[PDB]
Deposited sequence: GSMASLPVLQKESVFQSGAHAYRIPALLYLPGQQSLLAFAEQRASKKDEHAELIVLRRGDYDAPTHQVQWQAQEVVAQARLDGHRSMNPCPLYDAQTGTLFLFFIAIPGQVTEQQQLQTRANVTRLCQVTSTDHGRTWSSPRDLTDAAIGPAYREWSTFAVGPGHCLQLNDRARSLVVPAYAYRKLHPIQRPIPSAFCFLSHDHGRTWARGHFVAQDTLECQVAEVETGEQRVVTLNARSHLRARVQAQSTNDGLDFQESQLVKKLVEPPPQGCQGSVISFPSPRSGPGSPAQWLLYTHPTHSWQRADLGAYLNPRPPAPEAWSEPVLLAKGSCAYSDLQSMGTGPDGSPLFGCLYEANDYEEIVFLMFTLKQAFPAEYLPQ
């Protein structure tokens, strides 16, 4: 694999098993919040202080987000987000005991230390369609906050829809313009799209929300939005971003300040038929589908779900990246930290 600043497991199978990582960077505190599902199923958390001089992040003790759950329900798919205009930390998740899935959220005003009680967002965020679905989910992974005047909150999601045939999945985004006070359900993207993530890319003059989703084909599906996620113009398959047919695998995408507005970074297993070899792909001409690069190798061996966070400027001057990913046959969640220079010397 390529050179990295740090490589350590932060969650490890033992008394419990850990899966479905989500990473969040709190810019002003130079630190990260690493969430995971603890499988009696809850969401756990780990806070890490990043120290540049020593090129390392120090992880504190694992904690349970006691408030992120409903009585008699298991919690899944932790989707974190930090509101830069309020200083409020959001943690969206799914609670499960014919649709019976619930959308929830818990907030923290002290950087994750404590959390408000949950808020069941289901009925108002979904409406009548709720009955037309089999189930649904958000993320997993970090969410997105836009540049629009209202600094809208965009939460990536997908739903299993029912038209004889099994429910077909379609990605979409939950949108809030009042800082998570109310929520609207965005429009689906091409059918058969699942777990996805969204990144904002300011190109030309207008904002462009790019969406990268898991599919049932040998390739990834990517869609674009010019209306903050309400509608996703069109979606194209991206041959350069493989999906092992077994059923595919969740992937992560983020935007970051270009070295010369922003570029995209994407992580996902690179093996054609197996969930192995975590690779990093770079898109310097976002969101062009054909601009995606060959993958650079980050981790060898079995790798599954992952989540990326832009961490500012790295020790070498280039963009810094933190990555949380499932590994060794789901025996742990590994935290990886590296720079644009370490991953793409040529760019």
Numbered from 1 along the deposited sequence, what ranges are absent from the coordinates? 1 to 4, 44 to 50, 109 to 120, 187 to 188, 286 to 291, 379 to 382
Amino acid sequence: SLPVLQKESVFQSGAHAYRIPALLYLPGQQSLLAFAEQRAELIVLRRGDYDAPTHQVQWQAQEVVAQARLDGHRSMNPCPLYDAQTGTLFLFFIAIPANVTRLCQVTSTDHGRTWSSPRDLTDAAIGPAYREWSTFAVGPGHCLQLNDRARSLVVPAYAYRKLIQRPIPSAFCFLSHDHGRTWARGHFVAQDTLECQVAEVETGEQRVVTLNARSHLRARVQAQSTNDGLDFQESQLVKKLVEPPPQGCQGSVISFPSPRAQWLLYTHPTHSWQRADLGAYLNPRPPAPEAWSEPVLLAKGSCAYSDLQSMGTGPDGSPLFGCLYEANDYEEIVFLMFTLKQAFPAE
From here on, numbers count along this sequence of modelled residues.
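Under this definition, the rigid core comprises the largest set of C-alpha atoms superposing within 1.5 Å between the forms.
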Hey, after superposing on the core, which one moves around more in 8 other deposited structures of this protein, 40 to 48 or 64 to 72, CA-wise? 40 to 48
Higher-deviation stretch (C-alpha RMS, rigid core fit) in 8 other deposited structures of this protein, choosing from 241 to 249 and 141 to 149: 241 to 249
Do a third or more of the other compared PDB entries fail to give coordinates for residue 204? yes
Do the C-alpha atoms of 298 to 306 or of 63 to 71 have the higher average B factor in the entry? 63 to 71
When the C-alpha temperature factors are averaged for each of 336 to 344 and 1 to 9, which stretch ends up with the higher value in the entry? 1 to 9
Checking the record values for 277, 243, 195, 123, which has the greatest CA B factor? 243
Residue selected from 247, 170, 99, 252 by maximal Cα B factor: 247
Sorting the chain's modelled residues by C-alpha B-factor, tell me whether residue 188 ends up in the lowest, middle or highest third. highest
So where's residue 237 on the chain's Cα temperature factor ranking, which third? highest
Which third, lowest, middle or highest, does the C-alpha temperature factor of residue 133 belong to within its own chain? middle
Among all modelled residues of this chain, ranked by Cα B factor, put residue 15 in the bottom, middle or top third, i.e. lowest, middle or highest. highest
Compared with the other modelled residues in the chain, in which third is the CA B-factor of residue 266? lowest
